[PDB]
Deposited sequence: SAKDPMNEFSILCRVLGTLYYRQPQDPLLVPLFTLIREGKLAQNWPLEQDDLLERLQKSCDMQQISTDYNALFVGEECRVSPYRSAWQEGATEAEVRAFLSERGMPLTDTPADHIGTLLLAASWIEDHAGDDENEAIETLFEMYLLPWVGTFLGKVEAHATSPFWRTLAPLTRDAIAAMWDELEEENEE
């Protein structure tokens, strides 16, 4: 019987996708930042990233975090565009939308190739799905080719210790998840 690693990685994808997709000062995120600021996230974390989550715990200044998020990702004049189409040549938003639509994923009027949306789709696909064939295409075609470049620019342009930690935390998490999935994909 094969491994279902997305069974444990679903929550990590939803947590990270939430942090890239939404303004940190959204009242809906208060219980999430309470877990981070209280260090309660590492006990239910499917990776071993204790020292990064500890640095996340000590850097929870919501005004500092909010300012950095807006400078990095908000508007057409942001510091590091969070869309796949800004990083991969030839990439279009329509093809990611269509891929997510055919899996049954509800989308908004904001472009479907946002880094947050791609990560949220990974946990949505884990929860309502052919699931593993959908997971491999999401990562191989719409994440791995470009996300390392984006996350590296995030780390260089983030002025806050929170986003200076989250960017490499995301980088390590995606590569660690991919190794576990590929070991089952190519088994």
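According to the record, the deposited residues with no C-alpha atom in the structure span just 130-131.
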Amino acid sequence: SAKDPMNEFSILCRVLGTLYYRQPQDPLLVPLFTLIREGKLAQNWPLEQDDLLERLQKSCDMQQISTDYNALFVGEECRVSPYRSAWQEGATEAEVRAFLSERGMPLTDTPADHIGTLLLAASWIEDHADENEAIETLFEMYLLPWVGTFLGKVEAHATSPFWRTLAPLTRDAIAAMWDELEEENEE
From here on, numbers count along this sequence of modelled residues.
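Relative to its counterpart among 148-156 and 53-61, 53-61 has the higher mean temperature factor, C-alpha atoms as listed in the PDB entry. For the two regions 66-74 and 35-43, the entry's Cα B-factors average higher over 35-43.
Between the residues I115, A94, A86, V80, it is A94 that shows the highest Cα B-factor in the PDB record. In the PDB entry, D4 places in the highest third of its chain by CA B-factor. Among the modelled residues of the chain, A134 sits in the highest third by CA temperature factor in this PDB entry.
Sort the chain's modelled residues by C-alpha temperature factor and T170 lands in the lowest third, per the entry. Per-chain ranking of the deposited C-alpha B factor places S10 in the middle third.
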